[PDB]
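> as they sit in the full assembly, here are the leading chains:
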Amino acid sequence: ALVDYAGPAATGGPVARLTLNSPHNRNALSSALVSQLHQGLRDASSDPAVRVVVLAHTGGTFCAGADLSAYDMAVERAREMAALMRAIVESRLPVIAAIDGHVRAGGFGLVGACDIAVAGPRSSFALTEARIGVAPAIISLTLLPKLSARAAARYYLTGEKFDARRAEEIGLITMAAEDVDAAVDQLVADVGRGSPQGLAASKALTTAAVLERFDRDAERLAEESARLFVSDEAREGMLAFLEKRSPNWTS
C-alpha cells in the first residue's frame, strides 16, 4: 500500500515520479495508497522545481480498482475515489500517466483524471461493472468528458476487454506506445519547456468543464455507487465471480 515519490534530484528533470507500488493487491486503491498518492501530489506541487508529474506503476497491473453500515463504507470509498481524481484535475501540475499493464474499475478514474495518458503493449482495459450488477458511476466524472459518446456507451454496456490502440482510438488514453518510458520522457521534455504559470493556466482551461462536472455530480454518483454496491444483484454478481461461476441472470 505504498506510493514511491521521486523528485527532480532523482528524476534528473523538472519532474516528480509517483509510482504505485502495491503489488500484493495488484495496486488496488486502498485508503493508505490513496492518502500517499494525495501526499505525493502535495509534495510535487510544493516543489517549485517540479513542472510535471508522472504517475507510474510497478507490476503488470496499473490499477485494479478498490480493494476489500456497508452503505456508509461504500459511499465513502466512492467519495475518496472522487476526491483523489479531483486532486489530480485541480493540480497546477500537468499529470502524465505511464501505463503498461491492466486497468480495471477505479483505475479508469485515475487514467481519466490525468491530463495525458500513455499506454504500452502490456496494457488491457475492461469495464465489467455491469457484469457484476453495478455501474462505473464515480469514474464517469473523468471518463465521460474524454471518451467519444459511442465508445463510452459501447464499453460500459458490453464489458468487453480492449488494448492500448483501441484506448487511444476512443479517448481513454492519449497515445499507445511500444516503449512507454521513451514516449513519456519525450512528453516530459516538451511539457517541461512550459512555464509553471503557463502550464497551470493552460491546464485549468482544459479542466474547467471537468471540475464543473464534479461539482454537479460527485455526491450523486457516490450515493448511487453505494446503493448499487449494497444491492442484491451486486451481491450475487460478486459471489458468482468469486465462486467462479456464472451469475443467476446469465445461465
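Alright, I've got the coordinates. Numbering: from 1, shown residues only, chains lettered A, B, ... in the order given.

> report the central residue of chain A.
Nearest to the mean C-alpha position of chain A, by Cα atoms, centre = their mean, lies residue A:110 at 1.3 Å.

> got the contact list for it?
Contact analysis of residue A:110 by Cβ atoms under 8 Å, 6 or more residues apart in numbering lists A:55, A:62, A:63, A:84, A:85, A:88, A:97. No exception for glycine: its C-beta is placed from N, CA and C like everyone else's.

> list only those of these flagged as buried.
Taking 16 or more other Cβ atoms under 10 Å as the criterion, what is buried in those is A:55, A:62, A:63, A:84, A:85, A:88, A:97.

> returning to that earlier point: and the contacts of residue A:110 as CSV, adding secondary structure and distance to residue A:229?
As requested, the contacts of residue A:110 are exported to CSV (DSSP: H, G, I helix; E, B strand; the rest coil; distance: Cβ to Cβ, whole Å):
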residue, secondary structure, distance to residue A:229
A:55, strand, 26
A:62, strand, 23
A:63, strand, 18
A:84, helix, 18
A:85, helix, 18
A:88, helix, 23
A:97, strand, 26
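
> now distance to residue A:137 too, for those residues, in TSV please.
What follows is the contacts of residue A:110, written out as TSV (distance: Cβ to Cβ, whole Å):
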residue	distance to residue A:137
A:55	22
A:62	20
A:63	17
A:84	15
A:85	12
A:88	18
A:97	21
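
> which one of those residues is nearest residue A:1?
Ranked by distance to residue A:1 (Cβ to Cβ), those are led by residue A:63 at 12.7 Å.

> quick one, what contacts the spatially closest residue to residue A:63 that is not a sequence neighbour?
The shortest distance from residue A:63 to any non-neighbouring residue, by Cβ to Cβ, 6 or more residues apart in numbering, is to residue A:107 (3.3 Å). Counting by Cβ under 8 Å, 6+ apart, residue A:107 makes contact with A:27, A:29, A:62, A:63, A:64, A:65.

> okay, chain B goes in next:
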Amino acid sequence: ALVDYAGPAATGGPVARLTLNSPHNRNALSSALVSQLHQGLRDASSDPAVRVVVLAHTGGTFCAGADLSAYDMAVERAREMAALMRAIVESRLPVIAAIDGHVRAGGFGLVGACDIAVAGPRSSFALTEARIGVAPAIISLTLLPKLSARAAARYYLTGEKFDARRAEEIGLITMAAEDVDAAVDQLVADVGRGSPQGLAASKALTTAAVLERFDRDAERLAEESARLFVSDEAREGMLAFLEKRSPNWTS
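Let me put chain B in with the others:
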C-alpha cells in the same frame, strides 16, 4: 406501417428484436409505426427475461424519415419524433441498431438515439435537409452529443452522402461491419452478460447529458422544425425535388 416484435422465446436469447417492417414507404416514420415502436419498447421492457433490444429493419432502407394548420401538424410530427427518441434513450434496456441500408432525416434521430449502432455494406447516410430549405433540428437532440463537432457542421452543411466506415469515423454509428447480423449477435452476447440493474444504471450514466438536452431544447427544436417546414423556401425546396428539377436558389 408495422413493427415486428420478437421476444426471448423467438430470439433464443435475453433479447427482443423490433424489426421495422414498412416496405411500402421504405420504413418511413408514420404515426402507426411510431406507436408500434413505442409499444415494442414497452413490451420489451415489460419482459424481465429481456436484457437488450435490437432495432432491425427489412428492405434496403433502415428509415427514410417522416412520411406524408400545416404548422400544427409539423410541430406535432417533430414532437412525436422527439418522444420516440426519448423513449429509446430513457429505456432501462440497452438498444442496438442493426443497420444495413439507407438512413435519411428522422432515421438519423433513431440511429442517434440507440446506445449502440452497427451498419453494413449496404448502408448510406445523407443530411440533405439544407438542400430543401430546412434543417436537421429535432434529430440534433441525439446527433449533436454523439457526432464530432467538425463532422456535424460538415455534413449538416454540405448535405453530402457517406458510407458506414465514415459514419463510424464520425460517431454516427458505433461500428461498420461487413456482416451486421454477426456483429450484433456478438454485441448481444456481451451486453447480455450484464445484470438488468447494472445495464440500466450504466446506460443512465451515458444518457443523462442527452436527456438534459431534450429537457432544454426539445420544444424549441420542434417549433423551429415546423416554422421551417411551412416556410416558402422549403415549399420551393420540396417542389423542386418532386418536379425533379433544381431549386430556385440553385440555377
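
> same as before for the contacts of residue A:110, with chain B this time.
With contact taken as Cβ atoms under 8 Å, 6 or more residues apart in numbering or on different chains, residue A:110 is in contact with A:55, A:62, A:63, A:84, A:85, A:88, A:97.

> return the residues in contact with the second one.
What it means is residue A:62. A:20, A:27, A:97, A:99, A:100, A:101, A:102, A:103, A:107, A:110, A:111, A:123.

> which residues touch whichever helix or strand the first one is part of?
It refers to residue A:20. According to DSSP states H and E, residue A:20 maps onto strand A:15-21. For strand A:15-21, the surrounding residues in contact (Cβ under 8 Å, 6+ apart) are A:2-8, A:10-11, A:27, A:33, A:37, A:40-41, A:43-44, A:47, A:50-58, A:62-63, A:93, A:188, A:192.

> for stretch A:206-226, same thing?
A:71-72, A:74-75, A:77-79, A:82, A:85-86, A:89-90, A:115, A:134-135, A:137-138, A:140-142, A:144-145, B:201.

> what does the stretch 1-150 of chain A put close to chain B?
Taking Cβ under 8 Å from any Cβ of the partner chain as the contact definition, the stretch 1-150 of chain A meets chain B at A:129-137, A:140, A:144, A:148-150.

> residue A:179: which of those is nearest?
residue A:148 (26.4 Å).

> how many residues are close by the closest one?
Neighbour count of residue A:148, defined by other Cβ atoms under 10 Å in any protein chain shown: 18.

> surely it touches residue B:171?
Yes. Using Cβ atoms under 8 Å, residue A:148 is in contact with residue B:171, at 5.8 Å.

> can you check which residues contact both of these two?
residue B:148.

> gap between residue A:191 and residue A:174?
From residue A:191 across to residue A:174, the span is 12 Å (Cβ to Cβ, to the nearest Å).

> quickly list what's touching both of these two.
residue A:116.

> okay, helices next: where are they in chain A?
Taking DSSP state H, the helices of chain A run over residues A:8-11, A:31-46, A:70-90, A:106-113, A:140-143, A:149-158, A:164-170, A:180-192, A:196-230, A:232-242.

> while you're at it, add chain C from this line:
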Amino acid sequence: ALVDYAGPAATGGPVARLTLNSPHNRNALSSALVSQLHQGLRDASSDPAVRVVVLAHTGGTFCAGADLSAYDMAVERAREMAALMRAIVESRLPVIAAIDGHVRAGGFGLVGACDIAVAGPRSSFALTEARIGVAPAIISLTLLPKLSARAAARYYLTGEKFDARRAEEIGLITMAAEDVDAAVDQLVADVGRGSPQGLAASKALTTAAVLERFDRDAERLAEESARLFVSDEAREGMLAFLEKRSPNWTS
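To build on what is shown above, here is chain C added in:
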C-alpha cells in the same frame, strides 16, 4: 493589414472569398485587418447572392496571431479576438477556412471559429503559449468544443508542432487535403446547393453550444489573457524568445 473581398461576380459562384493579405507581418491579427475582416463578413452577409464564405490567405502563413495600461490594451486585444470569432460563428453563412501554411496563437481561434476548415501540405500548427508563460485562453472559446479532450490537453501542454493530418485527426480542422483549392471548391459546390434559410438554420444548430460558451466565458478569458500577458513570467518568456535564448525556468 488588408483583407481582399471577392464576391460572386468575381468568384463565379454563390461564394465570397475573403483573403487575408498582410504578408509584412505574416498575416498577424492587427486591428485594421480585424476591422476589415468584420467588414468582409458584413458585405458577404449583405449579398443575397452569397451562400458561403471562404476564408483564404496569401503567403506561407495563414495567421500567426496578434501583432505588436498594458493590461487594458491586452484585455481589449483579447476582446477583439473574441468578437471576431463570434462574428464568424454568428453568421448566417457557413464559413470555410482554406489553409495552406502556418497557424499560431489567435490563428487557432480563427480556424476553430470556421464551420469547416481544410488544410494543405504546407500547413503547421503549434500551441507554444505555455512556452512563453501564457495560455491559449481566448481561442479556447472555439478550440475546446471542437478538439477531442485528450488532444486539447496534450497540445496545450506540450506545445509540440503538428501537421494537417494530425489536425484533422484531433478535430482542429475538418480535412487534410493535398490540393486545398480543389477540396474547398468541392465543399463550396455542395454547401452552395443548400438554401440560405436551410444553411443558416443548420449552422445555428451547430453553433448554439459554442455561443453559449462565449456568453459564459468570453469576458473571463479576456481578463485572464491580460493578467497572463502582463505577468513577469510572460515578460521573461517573451524576452527569451526574442533574445533567442532559453527562458529562465528552462536552463
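
> and the neighbour count of residue A:148, now that chain C is part of it?
Neighbour tally, residue A:148, other Cβ under 10 Å: 20.

> and for residue A:248?
Neighbour count of residue A:248, defined by other Cβ under 10 Å: 12.

> what about the closest residue in space to it that isn't next to it in sequence, distance to chain C?
Distances taken as Cβ to Cβ, 6 or more residues apart in numbering or on different chains place residue A:236 nearest to residue A:248, at 5.5 Å, with adjacent residues excluded. To chain C, residue A:236 is 36 Å away according to Cβ to the nearest Cβ, to the nearest Å.

> ok, residue A:125 next?
Distance, residue A:125 to chain C, using Cβ to the nearest Cβ: 15 Å.

> ok, is stretch A:206-219 in contact with chain C or not?
Yes. Stretch A:206-219 is in contact with chain C by Cβ under 8 Å from any Cβ, via A:206, A:209.

> interface residues of chain A facing chain C?
A:14, A:51, A:94, A:115-117, A:145-146, A:148, A:171, A:173-174, A:187, A:190-199, A:201-206, A:209.

> how far away from the center of its chain is the strand holding residue A:20?
Centroid displacement of strand A:15-21 relative to its chain, using Cα atoms, centre = their mean, to the nearest Å, is 14 Å.

> can you tell me the strand partners of it and which way each runs?
In the sheet, strand A:15-21 lines up against strand A:2-6 (antiparallel), strand A:52-57 (parallel) (DSSP bridges).

> deepest-packed of the ones you listed, please.
strand A:52-57 (a mean of 26; mean count of other Cβ atoms under 10 Å in any protein chain shown).

> how far does that strand sit from the chain's center?
The answer for strand A:52-57 is 12 Å, by Cα atoms, centre = their mean.

> taking helix C:149-158 as reference, get the angle to that strand.
130 degrees (axes from the mean of the first three to the mean of the last three Cα atoms, to 10 degrees).
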